[PDB]
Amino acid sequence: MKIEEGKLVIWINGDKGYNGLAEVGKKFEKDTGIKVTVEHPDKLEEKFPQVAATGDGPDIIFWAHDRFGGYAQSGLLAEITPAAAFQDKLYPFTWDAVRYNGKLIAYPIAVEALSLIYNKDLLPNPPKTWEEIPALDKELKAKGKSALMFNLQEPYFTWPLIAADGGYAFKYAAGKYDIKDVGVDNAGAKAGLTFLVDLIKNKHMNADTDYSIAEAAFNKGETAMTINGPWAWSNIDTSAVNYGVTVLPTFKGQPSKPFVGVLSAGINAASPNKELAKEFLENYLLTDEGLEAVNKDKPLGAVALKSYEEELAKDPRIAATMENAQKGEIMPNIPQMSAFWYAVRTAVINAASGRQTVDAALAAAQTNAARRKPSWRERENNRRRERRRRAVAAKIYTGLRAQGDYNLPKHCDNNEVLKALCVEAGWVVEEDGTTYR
């Protein structure tokens, strides 16, 4: 798709309140005559950098802030220039999450952290530690239930446990992240991922469990706990499950440390609707009534807007969300973040499946997360060097075939021309290429 003057197209992930967001768009259209279409395509955070590089893609893209630095580094985002008055309405630290190289590159919407979600009827007293989950599962398995099910396909969900005893993504020092100091392969990271793999080995979890499988199992009353974010609460509300939201369990006596995301809205640099997008975000979405419409659809978490967060903070589930968030860390927004996430995703999936040992999976993840992506020009230099290497050899063989008079067959390969050349120069060449004088 390409953006067109006079209409707004928004992309947002399918686990968020896109129907509530569309109601906001319908009000924007009611007051200004500008159509707003909300879409939730799959893998939007990978599609956006592919299409926006040439001016395609939506007017506005919603994702957690960790993806946005790479978008800005590629020039895909318009600089966000809210007046000081508007900036004041949002918590300072949410603006920090969307600051890249000194510029604001998105509007912050809401703060997301994972929490432990548990079925109060099956589990009145949720476990305080990861270590006691195996025995809790054994007791539940005898009732035809399980202890815990959560998405093992996305490393976001396993990261709180990997980070608990010391794993980290990029080390922060002297005011900046060191993209070369990755902590996915230290003792704490191994201890965390070993405990998860051990859960699978002992049949307390299944390696293939994904988002929809864990959500169905919890919301149908088949497992006593899951790990998820606020967006998941509305589907649990509609289910028959009486659930609670609480702090994640400790591991080796230390808090689980979820990576905290700030859902943010960036404006496509290629949009011809930049001013309409700013009006929609600042004056319709980032208002009490705006965030309420989206929040009523799927909870946003702790919104960046101070006036409405004063209402949402009253909610015990938000209090638990932010207890977990305080124990975690805000994600970096640096371009290297996507390479870090791909590396850890591969490591978790390969260790859970048994395709790699924990040490092997994390050793590769450390190397992959730190690997510098070759620039376009570096790839092009390499492409041209081999093109030229082939073109020089091809010219040599062309001239040998045309002037050699080598008594060759009608059809033969260049190895046979090379052989005839060798013998002409006084060499002997065996069938397998063994060559001597």
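One-based numbering along the sequence shown.
*asked:* Highest mean C-alpha temperature factor of the two stretches 138-146 and 279-287, which is it?
replied: The stretch with the larger mean CA B-factor is 138-146.
*Would you mind comparing 116-124 and 321-329 for me and telling me which has the higher average C-alpha temperature factor in the entry?*
Result of the comparison: 116-124.
_Peak C-alpha temperature factor (PDB record), options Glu45, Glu378, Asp59, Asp56_ = When the deposited C-alpha B-factors of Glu45, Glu378, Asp59, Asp56 are compared, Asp56 is largest.
*Which one, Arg387, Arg401, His40, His65, has the peak C-alpha temperature factor per the PDB entry?*
Answer, based on the entry's C-alpha B-factors: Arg401.
*Where the record places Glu424 (Cα B-factor, split into thirds across the chain)*: Tercile = highest for this residue's CA B-factor.
*Place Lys26 in the lowest, middle or highest third of its chain's C-alpha B-factors, as listed in the PDB entry.*
Highest third, going by the recorded CA B-factors of the chain.
*Would you please rank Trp159 by its C-alpha temperature factor against the other modelled residues of its chain and give the third it falls in: lowest, middle or highest?*
It belongs to the lowest third of the chain when residues are ordered by C-alpha B-factor.
_Which third, lowest, middle or highest, does the C-alpha temperature factor of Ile34 belong to within its own chain?_
For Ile34, the deposited C-alpha B-factor lands in the highest third.
*Comparing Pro258 with the other modelled residues of its chain, is its CA B-factor in the lowest, middle or highest third?*
It belongs to the lowest third of the chain when residues are ordered by C-alpha B-factor.
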